[PDB]
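Topology and contacts: notes
Read off the chains here:
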Amino acid sequence: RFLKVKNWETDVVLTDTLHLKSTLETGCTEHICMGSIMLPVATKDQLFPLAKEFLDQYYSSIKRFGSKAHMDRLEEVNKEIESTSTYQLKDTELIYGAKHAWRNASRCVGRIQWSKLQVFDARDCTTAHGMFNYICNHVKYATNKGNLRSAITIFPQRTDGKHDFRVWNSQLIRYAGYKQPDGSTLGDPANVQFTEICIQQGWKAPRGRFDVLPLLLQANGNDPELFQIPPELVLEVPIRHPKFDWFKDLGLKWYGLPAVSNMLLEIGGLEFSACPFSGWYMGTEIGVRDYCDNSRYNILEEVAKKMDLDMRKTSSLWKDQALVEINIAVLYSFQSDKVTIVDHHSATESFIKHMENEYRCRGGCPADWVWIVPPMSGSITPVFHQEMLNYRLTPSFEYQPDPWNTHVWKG
Amino acid sequence: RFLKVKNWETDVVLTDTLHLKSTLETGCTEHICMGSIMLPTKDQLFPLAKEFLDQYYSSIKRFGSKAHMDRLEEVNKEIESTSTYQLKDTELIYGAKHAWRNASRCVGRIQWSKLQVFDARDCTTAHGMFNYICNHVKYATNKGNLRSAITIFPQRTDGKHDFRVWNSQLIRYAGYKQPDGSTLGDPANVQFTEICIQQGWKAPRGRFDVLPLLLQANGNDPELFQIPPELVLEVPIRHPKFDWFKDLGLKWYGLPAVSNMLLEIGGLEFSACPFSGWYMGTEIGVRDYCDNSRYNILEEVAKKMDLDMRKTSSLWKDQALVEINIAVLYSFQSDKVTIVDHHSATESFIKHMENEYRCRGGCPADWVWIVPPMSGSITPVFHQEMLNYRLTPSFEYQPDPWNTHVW
Ligand code: HEM
Ligand code: HEM
Ligand SMILES: Cc1cc(N)nc(C[C@@H]2CNC[C@@H]2NCCNCCc2cccc(F)c2)c1
Ligand SMILES: Cc1cc(N)nc(C[C@@H]2CNC[C@@H]2NCCNCCc2cccc(F)c2)c1
Ligand SMILES: C[C@H](O)[C@H](O)[C@H]1CNc2nc(N)[nH]c(=O)c2N1
Ligand SMILES: C[C@H](O)[C@H](O)[C@H]1CNc2nc(N)[nH]c(=O)c2N1
Ligand SMILES: [Zn+2]
């Protein structure tokens with residue numbers, strides 16, 4: 001079976017065969033498409049086949065499929081599963097696995113970079129304090145004084161599911177949110193609930209608009225513990241506009257390191273429930289989503305007021321006007337401070353090249369159009385006109401529910 | 001069975017039950033999602049007819065009544081004896097309004113029940129098709145106070161007697177390949193424009209040349225017709241602040257009128273069914289003007305605005321884009337020609353979805369198409385989960401006839 005995808009701007013047609021290697025379900029059926037739905041303990045029985053598929057992939061990629069090394073490794077994993085109901089990855093398999101989970105991440109526009117990924121093996125970690133230290137080192141390494149470097153830190157795998165390592169923060173660096181009694185919110189409304197948990201756990205809240213949250217870390221299924229990231233490690237950028245001098249007076253800033261900490265990395269059947277990873281920002285993540293979502297900092301009106309736009313009718317496109325200026329400001333501010341950032345035009349152009357390379361070398365590239373197309377100026381980016389096929393490959397990153405919903409409190 | 005859709009901005013959760021009444025295949029499977037692919041007998045006909053008549057009689061609260069059963073027998077008999085059947089006028093109007101209501105890619109469906117239907121099933125020639133189409137254009141345009149309309153020509157028979165409009169829309173601009181290699185006018189219509197000349201259209205060879213109609217009646221070779229210019233309402237494009245904008249020499253037509261789709265009602269196939277409503281501003285300002293394979297005017301507008309065109313990160317493309325779209329909306333509004341902006345259209349669609357969930361049990365919607373091609377996440381549709389599924393009656397895309405036909 002072959003499937004074709006077309007670019008409607010260029011007429012370049014591509015052929016997908018990689019999707020034949022897919023096993024997991026998308027959420028779609030022959031009768032319903034779920035492409036815009038955000039969210040559409042294992043047995044030996046299921047485990048050895050998952051390990052095998054993975055190691056066959058790995059040995060093919062080093063071009064030792066069917067080698068003595070390959071066969072000895074399968075036998076050795078089989079024996080470890082038999083004896084212990086699980087197994088441990090070699091360092092090389094871990095590195096390969098984490099890189100491929102990124103390569104396979106269909107919602108990620110940044111995947112041209114997939115093979116340059118610094119992997120930090122934290123599988124010897126045992127306590128929350130140890131987690132905190134590994135996470136500090138990740139942040140310092142990744143930040144690299146503004147010359148951002150991609151990285152991931154991988155804590156011990158799931159065992160019985162009663163002993164999970166988790167980072168309770170959804171990203172390593174995020175700002176507190178405080179719901180006021182009048183119903184307004186100070187800071188980031190997305191973090192209100194997490195901020196409340198932090199506070200209950202003992203965090204002393206500065207109660208400002210941009211307070212960096214503490215880390216909340218759970219080792220070995222234990223109750224999570226609070227740590228403050230040293231401020232000298234948190235790189236931040238004050239937001240100003242190249243032409244509008246009143247922009248700085250809005251008091252906006254943002255952190256330089258986007259570092260997703262709430263996902264589950266699955267490799268050869270093993271589940272890494274704490275695997276924080278980081279890259280660098282595409283500008284629209286901050287300037288469109290974080291600043292301009294109604295449910296977030298919501299600065300559109302205030303910026304439009306200062307621009308003296310006609311705010312009486314939507315058809316003045318005052319929201320669209322303010323939006324571009326804010327995104328100009330974010331790119332200008334990061335660039336002037338020499339902090340790595342990518343605009344949506346450049347990032348999408350690179351993804352198209354990545355995607356075409358992947359069809360040629362790999363036989364495909366799973367991609368989720370709904371997520372890949374930027375949240376402003378969609379159709380003036382090349383990805384808008386690119387047909388894409390979405391399917392699920394492993395190794396993979398997966399969403400997990402927030403731990404406060406699942407955690408058994410020990411006290 | 002029951003499926004939920006969440007709005008991530010408002011937290012509102014809706015339950016879909018309408019999808020269980022779905023019949024056609026989406027293109028997706030459990031292993032692969034094809035949500036972004038643009039194109040993913042007597043025995044066959046009676047269940048189709050029955051499925052349709054059951055829903056029709058249910059809608060007028062006469063399900064299982066004598067009139068219902070009688071009609072189902074009359075349609076059975078007609079199929080058994082003729083190999084097809086004929087819709088009552090009431091059924092035709094119901095079917096058309098519902099094909100629009102079921103159109104998952106259409107953001108403007110809040111309007112679905114206000115559709116003027118022109119029954120052209122008595123038409124026999126291309127000259128007659130031209131008359132029907134002229135009347136549709138004049139009725140729909142209404143001197144700028146646009147009204148939604150569809151004109152329905154005779155249904156498919158044995159297949160070699162199809163009625164077809166060859167144009168993809170009733171009103172579009174010519175495209176010509178030029179001596180230097182570049183393109184004059186609309187590059188999307190270069191192929192169609194050459195066929196017009198091939199069949200003998202004397203092309204004025206300008207930028208905004210309204211194309212002639214090419215009409216295929218009863219399976220015959222198509223014929224050329226120029227729409228009376230006085231029936232084609234056009235809008236000169238100016239900017240409310242930029243004096244220089246008028247000087248780019250831009251105009252667009254007021255009436256968007258899709259003419260290449262197939263209407264399917266109760267298993268009957270209406271291959272020529274041009275319909276029209278009114279524009280959302282981004283269709284013109286983002287897609288027609290700014291697509292690279294289209295009029296591609298971003299480069300020139302950014303120049304007039306003396307923006308920094310050195311780096312993509314200056315967002316010069318984005319700044320120009322907004323101003324262009326301000327201009328489209330301004331020109332239409334100043335000339336009293338119906339238009340809707342993307343903010344207003346998407347707000348209305350959310351309101352429609354919620355009406356449809358509560359009144360019908362769902363609303364099929366294709367997020368990829370409903371989200372505007374600019375400013376996506378500042379419109380409410382961006383944050384709205386949608387379920388896409390295929391209900392009949394429906395509109396379906398059909399391939400260009402100049403591949404199918406033999407002269
Ligand atoms: C190197 C710079 C990178 C850029 C510019 C980039 C860009 C993006 C963007 C724009 C998204 C959509 C995210 C959103 O809108 O919330 C995304 C999603 C995602 N990225 Fe990348 N990314 C980068 C690096 C990485 C790395 C290093 C990994 C892991 C090794 C990764 C894995 C993922 C995953 C798993 C998602 C889906 C997130 C979710 O479901 O919430 N990305 N990326
Ligand atoms: C009254 C105002 C209307 C508005 C604002 C509107 C808006 C839109 C928009 C923005 C699209 C996306 C298609 C594109 O971007 O090319 C669309 C598609 C569509 N519309 Fe509506 N529409 C209106 C009336 C109608 C009517 C009267 C019908 C049929 C009776 C209709 C049926 C469809 C269909 C079948 C599509 C998908 C087209 C395709 O596959 O190329 N629309 N509409
Ligand atoms: C419900 C749900 C499901 C899901 N899969 N996900 C979410 C997080 C949402 C996705 N969209 C906004 C928020 N995500 C927040 C930040 N995502 C940054 C991705 C990124 C960028 C650059 C470098 C990197 F390493 C990583 C929620
Ligand atoms: C390949 C293919 C498939 C398909 N289904 N379709 C197409 C036409 C493309 C889609 N999108 C841009 C262009 N269609 C151009 C304009 N479509 C107008 C929709 C509309 C608006 C207001 C009132 C109406 F009555 C109708 C191509
Ligand atoms: C409902 C819809 O799927 C949801 O709003 C999605 C749309 N596209 C997205 N795309 C990205 N990159 N990030 C997101 O959070 C979303 N949200
Ligand atoms: C490849 C992709 O499906 C294609 O470019 C789509 C994207 N969304 C669209 N949305 C609308 N309304 N109209 C279109 O023509 C398209 N084109
Ligand atoms: Zn799908």
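Cut-offs applied
- Residues numbered from 1 in each chain as written, not as in the entry; some residues may be left out.
- Chains lettered and ligands numbered in written order.
- Heavy atoms only, no water.
- Helix = DSSP H or I, 4+ residues; strand = E, 2+ residues; numbered from the N terminus.
- Rg over C-alpha atoms; globule rule 2.2 N^0.38 Å.
- Buried < 20%, exposed > 50% of the residue type's maximum accessible area, 1.4 Å probe, protein only.
- Areas by Shrake-Rupley, 256 points an atom, 1.4 Å probe, with all protein chains shown as cover.
- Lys, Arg positive; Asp, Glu negative; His and termini not counted.
- Charge placed at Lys NZ, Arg CZ, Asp CG, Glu CD.
- Core = buried A, V, L, I, M, F, W, Y, C linked by side-chain atoms within 4.5 Å.
- Contact = heavy atoms within 4.5 Å.
- 1 Å grid on protein atoms, 1.4 Å probe; cavity = no way out; pocket = protein on both sides within 12 Å on 5 of 7 lines; lining within 4 Å.
- Points joined across faces, edges and corners; volume = space filled by probe spheres on them.
- Nonpolar A, V, L, I, M, F, W, Y, C, P; charged D, E, K, R; others polar.
- Donors = N, O, S within 2.8 Å, 3.2 Å for Na, K, Ca; no water.
- Tetrahedral: all angles 85-135°; square planar, octahedral: opposite > 155°, others 65-115°.
- Domains from an automatic or database assignment.
- Buried area = accessible area lost by both parts, 1.4 Å probe.
- Salt bridge = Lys/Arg side-chain N within 4 Å of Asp/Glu carboxyl O.
- Patch = residues over 30% accessible without salt bridge, like charges linked within 9 Å, V, L, I, M, F, W, Y side chains within 5 Å.

Determination of this PDB entry was carried out by X-ray crystallography to a resolution of 2.01 Å, according to the record.

1. What about the overall build of chain B?
The helix and strand inventory of chain B stands at 11 helices and 18 strands. Relative to its length of 407 residues, chain B is compact, with a C-alpha radius of gyration of 23 Å against a globular reference of 22 Å. Dimensions along the principal axes, computed over C-alpha positions, put chain B at roughly 70 × 60 × 45 Å. Burial statistics for chain B: of 407 residues in total, 56% are counted as buried. Carbon together with sulfur atoms contributes 50% to the accessible area of chain B, which is approximately 17,900 Å² in total. Within chain B, the 49 negative side-chain charges are centred at a point lying 4 Å from the centre of the 45 positive side-chain charges.

2. Digging into the nonpolar core
Soluble globular proteins tend to pack their nonpolar side chains together in the buried interior. Ranked by size, the top nonpolar core spans 126 residues in total, and within it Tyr291(A), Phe245(B) and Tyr289(B) carry the most contacts. Every residue in contact with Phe245(B), bar those within four places of it in the chain, is listed here: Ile237(B), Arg238(B), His239(B), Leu250(B), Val301(B), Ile324(B) and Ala327(B). Core analysis: the second largest hydrophobic core is formed by 56 residues, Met355(A), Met280(B), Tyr357(B) and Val368(B) among them.

3. Focus: the layout of surface pockets
Residues and elements named next belong to chain A. What the second largest pocket holds in volume is close to 730 Å³. In this structure, the second largest pocket is lined by 26 residues; those nearest its centre are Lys 21, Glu 53, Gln 57, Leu 393 and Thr 394. Only α1 (44-61) and α3 (91-103) provide two or more residues apiece to the lining of the second largest pocket. In terms of residue count, α1 provides more of the lining of the second largest pocket than any other element does, seven residues in total. Of the residues contributing to the lining of the second largest pocket, the split by class is eight nonpolar, 11 polar and seven charged.

4. Quick look at the coordination of the zinc ion (ligand 7)
Looking at the zinc ion (ligand 7), the protein donor atoms are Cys28(A) (SG), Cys33(A) (SG), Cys28(B) (SG) and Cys33(B) (SG), and they sit 2.4 to 2.5 Å from it. Metal-centred angles of 101 to 121° between the four donor atoms at the zinc ion (ligand 7) mark the site as tetrahedral. Pair noted here: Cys33(A) is in the loop between β2 (13-16) and α1 and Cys28(B) is in the loop between β2 (13-16) and α1 (42-59), and the two residues belong to different chains. Here the two residues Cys33(A) and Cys28(B) agree in accessibility, since each one is buried.

5. Some remarks on the domain arrangement of chain A
All names here are of chain A. Split into domains, chain A comes out as domain 1 (16-123 + 150-160 + 264-278 + 348-372), domain 2 (124-149 + 164-235 + 399-403) and domain 3 (236-258 + 281-346). Placing a centre on the C-alpha atoms of domain 1 and another on those of domain 2 gives a separation of 27 Å. Taken together, the contact pairs 19 residues of domain 1 with 17 residues of domain 2. Counting each side, the surface lost to burial between domain 1 and domain 2 is near 1,500 Å², with a carbon and sulfur contribution of 61%. Our enumeration of links across domain 1 and domain 2 arrives at one salt bridge. Close ionic contact of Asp 164 with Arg 158 constitutes a salt bridge, the shortest N to O distance being 2.9 Å. Taken together, the elements giving at least two residues each to the side of domain 1 that touches domain 2 come down to β3 (118-121), β4 (151-154) and β15 (277-278). Tallied by class, residues from the side of domain 1 that touches domain 2 come to 11 nonpolar, five polar and three charged.

6. Focus: a nonpolar patch on the surface
On the surface, a nonpolar cluster with roughly 500 Å² of combined accessible area is contributed by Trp8(A), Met38(B), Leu39(B), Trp369(B) and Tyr397(B). Structurally, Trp369(B) can be placed in helix α10 (residues 367-370).

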